[PDB]
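Read the single chain below, which is given as structure tokens and is the form deposited in one PDB entry.
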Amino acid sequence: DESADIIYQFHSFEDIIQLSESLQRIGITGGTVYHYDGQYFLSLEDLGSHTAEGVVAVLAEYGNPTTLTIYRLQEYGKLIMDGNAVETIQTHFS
């Protein structure tokens, strides 16, 4: 695929609350959130290349792409929101 899996690192959950609204505007409604090593990770899978770029532009304002792999987060991290992150958050903070 030229389809993209995107995992970003955020110092706090607040970063994911704030960007959540920007993601939904550009048609992103899912995402999985992990907690690991004192930080939050948002994972988004199977993005077309255009939205992948739109998405990386939102996330870059609040966090950094990560070196950690999806195996490490899943196996050793803590699953916070399983596949529905942007809409679970928007329920509350919108």
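Rigid core (definition): largest C-alpha set, two forms, superposition within 1.5 Å. Residue indices: 1-based, along the sequence shown.
A second form of this protein, the form deposited in another entry, is not displayed here; the remarks below concern that form.
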Point to revise | Large Cα move at residue 39 between this form and the one not shown, threshold 2 Å, rigid core | key: no
Practice item. Determine whether the C-alpha of residue 49 shifts by 2 Å or more between this form and the one not shown once the rigid core is superposed. Key: yes
Practice item. Pin down for me whether the residue 24-residue 46 Cα distance shrinks or grows in that other deposited form relative to this form (closer or farther, change of 3 Å or more). Key: closer
Review point. By 3 Å or more, the Cα spacing of residue 30 and residue 46 differs in that other deposited form; is it closer or farther than in this view?
Key: closer
